[PDB]
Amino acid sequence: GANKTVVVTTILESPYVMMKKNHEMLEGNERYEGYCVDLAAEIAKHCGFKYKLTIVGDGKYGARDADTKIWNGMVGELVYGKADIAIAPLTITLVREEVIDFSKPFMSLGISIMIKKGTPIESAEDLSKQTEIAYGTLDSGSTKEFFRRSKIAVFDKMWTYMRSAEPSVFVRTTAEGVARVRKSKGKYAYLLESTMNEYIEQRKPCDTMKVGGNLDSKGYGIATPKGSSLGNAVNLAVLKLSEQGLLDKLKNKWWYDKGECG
């Protein structure tokens, strides 16, 4: 069959995908910049396809409704055939691996704690043993599922608190979670992946920090519909780009070369 345009689903998540400054006057793929935008171009080059970047319609990574069993987010766009590939900071998880294909990981990370500077919190155990400082996670993502499923004493205690906290401690986007840390004068801490935490730590106004070690160890992968013929070539491209040092170069470009806090 003749080549067709590969539909790429992704998510507005800094520094992976961001609107360029002049984006209102730009169109198509040129509206966007970031780590995943650069990565998409590299994957397309090595695999030999043309592509269109599209921002996921519901703004979500992907979770399965416990009642209706329907997948939302970027995972849903792959499951229902609305996109051909997802190039995003999409965490490789068991429940997702059962319904979509993943490349080997292009980035390693773990769940981490973001505080406003000066907050008297050093660890998840600290958060779990107090109630003055609220804390939460992103909706429809792997971090929330981590706490929902954990049998580790500290993390189960944190989940029991978060699921019933009022007002809600869950946010719709990472940016909302970060904004809540910044505006809460230290009374809200945010549970997010170390990649995004470390990025924000280097962005103005330089008022947040990552505390403690990571709570787990996992990776982001490029996702394709289960059984898609594109997955094999995409996986080999990730491995080649990793071994050539390109992924390290892109991490340095978007996290630290552009750091704003010194």
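So that there is no doubt, residue numbering starts at 1 and follows the sequence shown.
- Look at the mean CA B-factor for 75-83 and for 162-170 in the entry; the higher one is 162-170.
- Two stretches are in play, 87-95 and 182-190, and the higher mean C-alpha B-factor belongs to 182-190.
- Among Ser112, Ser142, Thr119, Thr131, the highest C-alpha B-factor recorded in the PDB entry belongs to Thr131.
- Ranking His46, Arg31, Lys218, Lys60 by the C-alpha B-factor listed in the PDB entry places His46 at the top.
- Annotation for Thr208: C-alpha temperature factor in the lowest third relative to the rest of the modelled chain, per the entry.
- The PDB entry assigns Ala2 a C-alpha temperature factor belonging to the highest third of its chain's modelled residues.
- Sorting the modelled residues of the chain by their CA temperature factor places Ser103 in the lowest third.
- When all modelled residues of the chain are sorted by CA temperature factor, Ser229 is found within the highest third.
- Ranked within its chain, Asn197 lands in the lowest third, by CA B factor from the PDB record.
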